[PDB]
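Worksheet for the structure shown next.
No lab work stands behind these numbers, since they all come straight from the coordinates. For neighbour counting, all protein chains shown are included, and Cβ atoms are generated from backbone atoms with ideal geometry for every residue, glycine included.
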Amino acid sequence: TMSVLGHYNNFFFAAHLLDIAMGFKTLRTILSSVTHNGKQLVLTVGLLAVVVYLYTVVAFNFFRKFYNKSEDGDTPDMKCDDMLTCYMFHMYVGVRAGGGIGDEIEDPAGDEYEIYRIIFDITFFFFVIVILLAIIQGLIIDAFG
Amino acid sequence: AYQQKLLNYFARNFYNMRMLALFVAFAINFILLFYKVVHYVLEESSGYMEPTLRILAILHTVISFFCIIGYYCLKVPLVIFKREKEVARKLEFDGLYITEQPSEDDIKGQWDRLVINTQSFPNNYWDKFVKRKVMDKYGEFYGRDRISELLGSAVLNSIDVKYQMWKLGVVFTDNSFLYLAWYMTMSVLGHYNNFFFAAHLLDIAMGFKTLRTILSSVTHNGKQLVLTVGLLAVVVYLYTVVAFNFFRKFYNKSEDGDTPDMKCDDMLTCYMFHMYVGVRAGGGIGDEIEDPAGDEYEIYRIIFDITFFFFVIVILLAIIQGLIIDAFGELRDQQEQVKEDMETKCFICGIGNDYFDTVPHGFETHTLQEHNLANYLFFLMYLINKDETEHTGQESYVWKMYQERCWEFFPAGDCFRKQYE
Amino acid sequence: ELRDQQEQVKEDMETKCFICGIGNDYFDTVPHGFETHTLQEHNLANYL
Amino acid sequence: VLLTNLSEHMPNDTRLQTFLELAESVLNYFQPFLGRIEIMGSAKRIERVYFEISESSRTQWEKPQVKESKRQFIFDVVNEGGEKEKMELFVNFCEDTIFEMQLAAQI
Ligand SMILES: Cn1c(=O)c2c(ncn2C)n(C)c1=O
Ligand SMILES: [Ca+2]
Ligand SMILES: [Zn+2]
Ligand SMILES: [Zn+2]
């Protein structure tokens, strides 16, 4: 049915190349090295989801001024003051961050809650970037062994 | 009218009660994505969902209250049955409150320095004749009438008073009971405020245990991980001395100097700056600092960048990851080790998986028949069931062995195949 | 490497004895023996 | 339980062994009911003594809420412990198991 669409359309018709997953079995070492351990890996996804579902409550209740995806405020200044919006924002950005969510956010330079902001950055900087990366890698390499 | 009649129902579904109790908490925290600022509740659906939210915010709470009811049935006094059995046999063998009077520690035990005199003392354990028995063990030595007296609708004042207070004082010292009591206080705030009230979702850390593999894979190793935090702190407490004594011109968080040019020339300030930035750096602290292009100490600056670039970014990242993956291998090896030792030679005789399967299909049946560990428990039911007037010599014998709390009769290395040829 | 080395040392202490060093099983062929066999028949501080 | 003990103490017969295959069907009905344990009843040797399994109590045992605590206990005792009171730990474990099944009977 994959090969049907040559008469129809090469929208997905050249995408037959999944068949390497059952053609050669040399690669299936790697795929098995994933696939037995994935039953916890979906739980890793779930815990990611809920810890950012936690984090999106925090500044939403406390640092909406530190929300700014604004183009320097003179534009229609953009801050996700809806829980779902900043949630998806952390999902898009703070997941793909690397340098931390404090990179892509208002830094404080004199705020009342500046140290709260800083410690929020630090807790993100560890608990996402260090921890879950290391979780997935260590899962994979204990799967190797 | 219905009181103790329905009482069995509550522990009878208490686990399923707990499951639906945690099941509500998703849909509790789910709707708060539909928020808007002031606090606005959006309903882009059948608009009676907000009154059902008003329903469920207290519905979950009375569910959790019913969970504490079913728990107060279930995992209650069996624990204090164990505690009471313990203290009874320890006063029996020992006379700790009579002869030993234990120290300022064991607040759990020192709490039972107030249960000694209590009237229905094994109120759910066994028998109170053991009190008179240990009076006869000890009262002739020290004080006969002293230590015995030291022991001892119309429900108007006919209650265990201080025994009940002792019982509660033990009852408070439980993990899971306090866990669910804390969960109840979590569920309080639906009548108060959903500031933190939808944050019940910690309960997944004790609901499913499938995830607890991961959490244990952390939590046994964290005792060094706090030291990793400490060494991070002190090595950056070192690094913040260096440029503070030597490269304050290379400090610049300035907006190109024409502004009120910003350089952390205070040790605490640049320390917190490295903590905020150089920790979250990735590309190195030389990224977010003055590069040199002709400085006298340019190579010093460069080598400072390099030493940072390694010793932070490489090293401590790798430290935490390698800690985690050796924690992985440790826990997996421990688990399968346990599995093997169960699936080797027996628990009871414990001689050879090969040995009782020297004859084919034997060892598993040798387990299931010659050792069959639940059957010894069944046998104890059998013995505690019947009467010693009708015991056989084996029966009365091992009964008395258990009465002595001795346990010699179990097979060391001496099974039936081992007995003969 | 270091974890395996450490627990290796632990096992070899907790196997058969240091002195005779025959069998953890062997002096606990009779029950509760081998630890006492250590603590009495070998009891290493006692030689000191 | 008599004739099975005769079989157990005396195998390697014919006339007993043909009597051991004579008509034995309630025998096979009788195997939730009889317990066969292995003790040393101060005989300075093994003793294979048998007894009855109250199958109602055994069904009361057949639920979980205990079987995972059983396997937990298994992990505990293979994990560590003073290696002689591990049977004593099993005794206490059984006593609490008795307490559990006793309290879960009335459900
Ligand atoms: C009262 N009582 C006992 O005295 C007892 C016992 N098991 C052993 N003993 C000794 N059980 C279950 C018990 O209820
Ligand atoms: Ca008799
Ligand atoms: Zn055995
Ligand atoms: Zn020795």
Legend entry - Charge context of A:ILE141, other residues only, Cβ under 12 angstrom, K/R +1, D/E -1: -1
Inset, instruction - Please go through region D:1-88 and write out the chymotrypsin sites (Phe, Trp or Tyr not before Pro) that DSSP classes as loop and that have at most 16 other C-beta atoms within 10 Å. - result: D:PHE30, D:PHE33
Legend entry - Two-site FRET efficiency, B:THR365 against B:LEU78, from Cβ-Cβ distance with R₀ of 30 Å, rounded to 0.05: 0.35
Inset, instruction - Quick one: net charge around C:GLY33, please, counting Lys, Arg +1 and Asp, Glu -1 for every other residue with C-beta under 12 Å from its C-beta. - result: -4
Inset, instruction - Would you please classify the overall shape of region B:363-413 from the alpha carbon gyration tensor, given that a ≥ b ≥ c denote the square roots of the eigenvalues, rounded means a/c under 1.5, and beyond that prolate means a/b larger than b/c while oblate covers the rest? - result: prolate
Legend entry - Dipole magnitude (debye, nearest 20) for chain B, charges at Cβ of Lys, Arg, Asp, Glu: 2100
Inset, instruction - Compute the FRET efficiency between B:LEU268 and B:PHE310 as 1/(1 + (r/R0)^6), taking r as their Cβ-Cβ distance and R0 = 35 Å, and round to the nearest 0.05. - result: 0.85
Legend entry - Average partner coverage of A:113-122, which counts Cβ from other chains inside 10 Å: 2
Legend entry - Rough spin-label spacing in nm, given labels placed 7 Å along Cα→Cβ, for A:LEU17 and D:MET40: 7.2
Inset, instruction - Set the Förster distance to 56 Å, then compute FRET efficiency between B:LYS133 and D:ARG15 from the Cβ-Cβ distance, nearest 0.05. - result: 0.55
Inset, instruction - Treating only the Cβ atoms of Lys and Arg (+1) and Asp and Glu (-1) as charged, compute the dipole magnitude of the protein assembly as shown about its Cα centre; round to the nearest 20 debye. - result: 2580
Inset, instruction - Take the eigenvalues of the Cα gyration tensor for chain D, scale each by 5, and report the square roots as semi-axes in whole Å, largest first. - result: 33, 21, 11
Inset, instruction - For peptide A:79-88, compute the average count of partner chain beta-carbon atoms within 10 Å of each residue's beta-carbon. - result: 4
Inset, instruction - Could you rank the peptides B:198-209, B:172-183 by their average count of other C-beta atoms within 10 Å per residue, with the highest value first? - result: B:198-209, B:172-183
Inset, instruction - Sort A:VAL34, B:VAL87 so that the residue with the fewest other Cβ atoms within 10 Å of its own Cβ comes first and the one with the most comes last. - result: A:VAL34, B:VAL87
Inset, instruction - Filter the cross-link list A:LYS39/B:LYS82; B:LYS85/D:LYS63; B:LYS85/B:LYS137 down to pairs whose alpha-carbon distance in this structure exceeds 28 Å. - result: A:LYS39/B:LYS82
Inset, instruction - Express in whole angstrom the spacing between the alpha-carbon centres of region A:1-78 and region B:185-254. - result: 26
Legend entry - Label-reachable residues, region D:71-90, where backbone N falls under 14 Å from a point 7 Å from B:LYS418's Cα toward its Cβ: none
Legend entry - Helix-only CD estimate at 222 nm, as mean residue ellipticity for the protein assembly as shown, using -39500 (n - 2.57) per DSSP H run (n ≥ 4): -15500 deg cm²/dmol
Inset, instruction - Could you line up B:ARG417, B:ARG83 from fewest to most neighbouring Cβ atoms inside 10 Å? - result: B:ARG417, B:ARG83
Legend entry - Restraint check, B:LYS386/D:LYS86; B:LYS339/B:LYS386; B:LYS36/B:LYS253, Cα-Cα greater than 32 Å: B:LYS339/B:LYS386; B:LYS36/B:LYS253
Legend entry - Cleavage-rule hits, GluC sites (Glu not before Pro), region B:252-299, DSSP coil, Cβ neighbours within 10 Å at most 14: B:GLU255, B:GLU296
Legend entry - Rounded, prolate or oblate (a/c below 1.5 giving rounded, otherwise prolate when a/b exceeds b/c) for the protein assembly as shown by Cα gyration tensor: prolate
Inset, instruction - Would you order B:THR358, A:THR85 from fewest to most other beta-carbon atoms within 10 Å of each residue's own beta-carbon? - result: B:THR358, A:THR85
Legend entry - Rounded, prolate or oblate (a/c below 1.5 giving rounded, otherwise prolate when a/b exceeds b/c) for region D:48-107 by Cα gyration tensor: oblate
Inset, instruction - Obtain the nm distance between the two label points defined at B:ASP94 and B:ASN117 by a simple spin-label model: each point lies 7 Å from its Cα along the Cα-to-C-beta direction. - result: 2.3
